[PDB]
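Accompanying notes for the structure given below.
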Amino acid sequence: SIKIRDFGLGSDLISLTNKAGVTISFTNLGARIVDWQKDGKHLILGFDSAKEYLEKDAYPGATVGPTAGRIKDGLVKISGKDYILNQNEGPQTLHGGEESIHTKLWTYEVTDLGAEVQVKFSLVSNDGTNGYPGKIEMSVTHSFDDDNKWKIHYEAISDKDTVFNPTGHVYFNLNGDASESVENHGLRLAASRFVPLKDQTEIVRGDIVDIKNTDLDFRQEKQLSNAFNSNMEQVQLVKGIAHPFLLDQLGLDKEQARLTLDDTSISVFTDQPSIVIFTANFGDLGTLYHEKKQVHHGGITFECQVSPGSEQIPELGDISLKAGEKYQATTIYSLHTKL
Amino acid sequence: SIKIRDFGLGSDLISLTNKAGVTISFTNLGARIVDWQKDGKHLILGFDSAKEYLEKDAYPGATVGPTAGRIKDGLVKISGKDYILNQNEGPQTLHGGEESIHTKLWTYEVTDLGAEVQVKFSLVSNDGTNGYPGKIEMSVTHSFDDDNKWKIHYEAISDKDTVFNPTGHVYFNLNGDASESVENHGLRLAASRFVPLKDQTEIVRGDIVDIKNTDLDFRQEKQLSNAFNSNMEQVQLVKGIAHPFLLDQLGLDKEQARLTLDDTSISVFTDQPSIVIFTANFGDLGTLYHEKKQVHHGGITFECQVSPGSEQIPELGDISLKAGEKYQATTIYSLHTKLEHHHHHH
Ligand SMILES: OC[C@H]1O[C@@H](O)[C@H](O)[C@@H](O)[C@@H]1O
Ligand SMILES: OC[C@H]1O[C@@H](O)[C@H](O)[C@@H](O)[C@@H]1O
Ligand code: NA
Numbered sequence: 001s002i003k004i005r006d007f008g009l010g011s012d013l014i015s016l017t018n019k020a021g022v023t024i025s026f027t028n029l030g031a032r033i034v035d036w037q038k039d040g041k042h043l044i045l046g047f048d049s050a051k052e053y054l055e056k057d058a059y060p061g062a063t064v065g066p067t068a069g070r071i072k073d074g075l076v077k078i079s080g081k082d083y084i085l086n087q088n089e090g091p092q093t094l095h096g097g098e099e100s101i102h103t104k105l106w107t108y109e110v111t112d113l114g115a116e117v118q119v120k121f122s123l124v125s126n127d128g129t130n131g132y133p134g135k136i137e138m139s140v141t142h143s144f145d146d147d148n149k150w151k152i153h154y155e156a157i158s159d160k161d162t163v164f165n166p167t168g169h170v171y172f173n174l175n176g177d178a179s180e181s182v183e184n185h186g187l188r189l190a191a192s193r194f195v196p197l198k199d200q201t202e203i204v205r206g207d208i209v210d211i212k213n214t215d216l217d218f219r220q221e222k223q224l225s226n227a228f229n230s231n232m233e234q235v236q237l238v239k240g241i242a243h244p245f246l247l248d249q250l251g252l253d254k255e256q257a258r259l260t261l262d263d264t265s266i267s268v269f270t271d272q273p274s275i276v277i278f279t280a281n282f283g284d285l286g287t288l289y290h291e292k293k294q295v296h297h298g299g300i301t302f303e304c305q306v307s308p309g310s311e312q313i314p315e316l317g318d319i320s321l322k323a324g325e326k327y328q329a330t331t332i333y334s335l336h337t338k339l
Numbered sequence: 340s341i342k343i344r345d346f347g348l349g350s351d352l353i354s355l356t357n358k359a360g361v362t363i364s365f366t367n368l369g370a371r372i373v374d375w376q377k378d379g380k381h382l383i384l385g386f387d388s389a390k391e392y393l394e395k396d397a398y399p400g401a402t403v404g405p406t407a408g409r410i411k412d413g414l415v416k417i418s419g420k421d422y423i424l425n426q427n428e429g430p431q432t433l434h435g436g437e438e439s440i441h442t443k444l445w446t447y448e449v450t451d452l453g454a455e456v457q458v459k460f461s462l463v464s465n466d467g468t469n470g471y472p473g474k475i476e477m478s479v480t481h482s483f484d485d486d487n488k489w490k491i492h493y494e495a496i497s498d499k500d501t502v503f504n505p506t507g508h509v510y511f512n513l514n515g516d517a518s519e520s521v522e523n524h525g526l527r528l529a530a531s532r533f534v535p536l537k538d539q540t541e542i543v544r545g546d547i548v549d550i551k552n553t554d555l556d557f558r559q560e561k562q563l564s565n566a567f568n569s570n571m572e573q574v575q576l577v578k579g580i581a582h583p584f585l586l587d588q589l590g591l592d593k594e595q596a597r598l599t600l601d602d603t604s605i606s607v608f609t610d611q612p613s614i615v616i617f618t619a620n621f622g623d624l625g626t627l628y629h630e631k632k633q634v635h636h637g638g639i640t641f642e643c644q645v646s647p648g649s650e651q652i653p654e655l656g657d658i659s660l661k662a663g664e665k666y667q668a669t670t671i672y673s674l675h676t677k678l679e680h681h682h683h684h685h
């Protein structure tokens, strides 16, 4: 079933319940996932109204872009020309700059295909918005099926050469409660390398590092506590995890990561080359989710995209988007329950 | 009473009924007026869903900006600096550029004050959007009261020195049917001068002209047919009216314009210095409104703003907006019955 309701400030809440009784809901405010629940438990972090997102934290579950992550000094080179983007975190451009696409109300259309339902959100980023050349017509389609697969498919076209590398900012928490650390979840991740950060500004250090046999090697399922109690300087630097992991094998058919807690597991699939993992290292902040005070490590993201820092480490990839080319990306979160 | 429902594509339709039973409705897609009825008759033009606006004509009833009208070659000078804005009408920047504010979903909040209900729409124009320095935090408040007054109040603040001069693009048609020309309406307008256009591209000519005693003189009420039938070069140029009228006396307290049909009148009040009037000179385009094919002259706007062309005719005004300074504008459309005797035939 599909249900549409007012979510506040003019935004809508679109809730989809599949044949299995699983419920997933989205809002056009930022083409974002709001909730995902099974047997009355939430699997992800989310708020109860639009206002909350705007007052508390606008990132959770949102589509961020045009470029996800931090860009040093807000500087990009397009066709050999330097362009300065909106700087909203010190001199860096973080997640597209201030008041980006995650704070806008996107238009949308729902398409019911029976076993699958799609919600297609659309937005035009005007030429010059936050310094980005355009216009860029973007659409993000969130879909949910009877096999419990939540899929995100992005598409974009720009009238001018530009940059584009959006991501989905959902935070998972299989405890179903933000006041409980994800340290107890098990994580498996098909990455042998990572991108270290320079310092507390979170810009990239400049190199690529092999993590085989370190506290960050999750090639074999392991509990998060491990990484959390690690003394690796990188872990210590951010107080948890806040890094881009380079996937070993690219392709949508491969399960790139898996997050497990008891009989409940989440598998991640993507056509992107990297996954940025951030473990809600908020310390004492105590953001309130569903009246529950959030704890440090009270959530974890799987931001699939081209690794941030390619401006400094070209090997990472290239996020350019030439005028007229059609950008496409796909990320899938599959829910499984052991029997 | 206040009512809200989905209007399509994620937009909402907010419908207000005052104590006198007059209903008016708006949508957050473009902070726009959708309909205004009295006794079951449409007083303005509008569509029945959001998609129509996007597919047929996105301007009707919209809030347009950041700058309303045409800016020659999309060039403005801001604090000694030249800025080129998005050019979407040939080399001109028309109503803020392509995919402007009228095409976005604004957030909103409704405030019920009893005899008056306010709908405040908000939106941020990011810095550099369509070439405009910002960011610009905008808000448009549409309100309706028990006195049949529809008021539009604009507010804005910019992080940077920029330009700002938005307007409301409502189209009136007292016939309540787009297929009926407004040549049968009576018009009174407190303006002695107008701004002629250079040519078909519709940029300003460079001069201000006195219209007293011409077919464009509506200081004293006259039927619109008078203008429509005129062979004045300017009328012929645009096939009707499509010009800025300079108000003779400024001030929100003065009735600047009045449009009448039989027992119904609409009075226009504003704090702006001019009114751009466009009479739907679409020829045989025949856009469908409520399944009625719109006729040439099947509608009229009263866009209250600083006249377009100030880039060329400084006398017209200054639309610049200094960083941190608060912009405000107020325009009011008021509805009356039996305000005067208007009994004609066409
Ligand atoms: O991705 C968004 C997040 O990035 C992290 O690295 C920061 O520490 C968070 O405060 C921020 O909300
Ligand atoms: O105000 C916008 C309008 O400008 C007029 O001068 C044009 O002829 C119309 O096509 C357009 O919708
Ligand atoms: Na809605």
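From first to last, the protein sequence lines are chains A and B.
If you read the first sequence in this note's numbering, its first letter stands for residue 1, the second for the next number, and so on.
If you read the second sequence in this note's numbering, its first letter stands for residue 340, the second for the next number, and so on.
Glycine is no exception: its CB is placed at the ideal position from the N, C-alpha and C atoms.
### Query
Relative to the alpha-carbon of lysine 490(B), which residue among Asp500(B), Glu455(B), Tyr510(B) and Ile475(B) has its alpha-carbon at the smallest distance?
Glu455(B)
### Query
Which class does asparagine 523(B) belong to by DSSP, given the choice of helix, strand or coil?
helix
### Task
Answer yes or no: the CB of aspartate 6(A) versus the heavy atoms of ligand 3, is any distance below 7 Å?
yes
### Query
Roughly how far, in whole angstroms, is the beta-carbon of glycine 69(A) from the beta-carbon of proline 308(A), given that I think they are within contact range, below 8 Å?
3 Å
### Residue from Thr356(B), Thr640(B) and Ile671(B) with nearest C-alpha to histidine 508(B)
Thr640(B)
### Message
Is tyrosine 398(B) a contact residue of ligand 2, with contact defined as CB to any heavy atom under 7 Å?
### Response
yes
### Query
Taking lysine 443(B) as the reference, which of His95(A), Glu137(A) and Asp112(A) has the closest Cα?
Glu137(A)
### Query
Taking DSSP as the reference, what is the three-state secondary structure of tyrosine 471(B)?
coil
### Buried/exposed call for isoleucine 277(A), threshold 16 Cβ in 10 Å
buried
### Query
Quick one, which residues of the stretch 172-203 of chain A are near chain B if we go by CB-CB under 9 Å, in chain order?
none
### Message
Quick check: is the beta carbon of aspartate 466(B) nearer than 8 Å to any beta carbon in chain A?
### Response
yes
#### Entry: chain A contacts from the stretch 434-448 of chain B (Cβ-Cβ distance under 9 Å)
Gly436, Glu437, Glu438, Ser439, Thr442, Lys443, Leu444, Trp445, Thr446, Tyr447 and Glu448
### Query
Whole beta strand (DSSP E) runs in the stretch 360-407 of chain B with 3 or more residues, listed along the chain?
362-366 and 371-377
### Task
Take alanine 242(A) and list the residues in its own chain whose beta-carbon comes closer than 6 Å to its own, dropping the five residues that flank it on each side.
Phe278
### Buried versus exposed call for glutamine 633(B) [16 or more other C-beta atoms within 10 Å across all chains shown]
buried
### Query
From the DSSP output, which residues share a beta bridge with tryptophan 106(A)?
According to DSSP, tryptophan 106(A) bridges with nothing at all.
### Message
Whole angstroms are fine: how far does the CA of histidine 290(A) sit from the CA of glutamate 55(A)?
### Response
14 Å
### Message
In the DSSP assignment, the alpha helix (DSSP H) including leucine 600(B) goes from what residue to what residue?
### Response
No alpha helix (DSSP H) holds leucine 600(B); the beta strand (DSSP E) holding it covers 596-600.
### C-beta atoms of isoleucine 101(A) and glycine 65(A) nearer than 8 Å
yes
### Close-in-space but distant-in-sequence residues of the same chain around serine 310(A) (CB under 7 Å, 5 per side omitted)
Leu316, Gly317, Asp318 and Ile319
### Query
Do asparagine 620(B) and ligand 2 come close, with the Cβ less than 7 Å from some heavy atom?
yes
### Query
Does ligand 2 have a heavy atom nearer than 7 Å to the CB of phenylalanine 617(B)?
yes
### Where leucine 321(A) meets chain B, residues with beta-carbon distance less than 7 Å
By Cβ distance, chain B contributes nothing, its closest Cβ being about 18 Å from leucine 321(A), past 7 Å.
### Task
Tell me whether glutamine 457(B) sits in a helix, a strand or coil according to DSSP, three-state version.
strand
### Message
Against chain B, does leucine 75(A) count as a neighbour if the rule is that its beta carbon must be under 8 Å from one of theirs?
### Response
no
### Task
Inspect the beta-carbon positions of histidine 636(B) and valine 521(B) and report whether they are closer than 8 Å.
yes
### Message
ligand 2 and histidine 635(B): does the residue's C-beta get closer than 7 Å to at least one heavy atom of that ligand?
### Response
no
### Query
Along the stretch 3-16 of chain A, what residues have a CB closer than 8 Å to any CB found in chain B?
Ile4, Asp6, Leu9, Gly10, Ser11 and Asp12
### Task
Tell me whether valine 204(A) is buried or exposed, calling it buried when 16 or more other Cβ atoms sit within 10 Å of its Cβ.
buried
### Task
With DSSP as the reference, please indicate the residues paired to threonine 626(B) in a beta bridge.
Paired residues: none, contrary to the question.
### Message
Using a 10 Å radius around the Cβ and a threshold of 16 neighbouring Cβ atoms, would you call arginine 344(B) buried or exposed?
### Response
exposed
### Task
Evaluate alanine 596(B) with the Cβ neighbour count: other Cβ atoms within 10 Å of its Cβ, from every protein chain shown; 16 or more gives buried, anything less gives exposed.
buried
### Query
Counting only beta-carbon atoms, is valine 124(A) nearer than 8 Å to chain B?
yes
### Message
Let's test the definition: count the other Cβ atoms within 10 Å of the Cβ of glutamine 588(B) and tell me whether it reaches 16, buried, or not, exposed.
### Response
exposed
### Query
Less than 7 Å between the CB of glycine 369(B) and some heavy atom of ligand 3, yes or no?
no
### Message
Less than 8 Å between CB atoms is the rule here; does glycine 90(A) satisfy it with respect to chain D?
### Response
Absent from the structure: chain D. Protein chains present are A and B.
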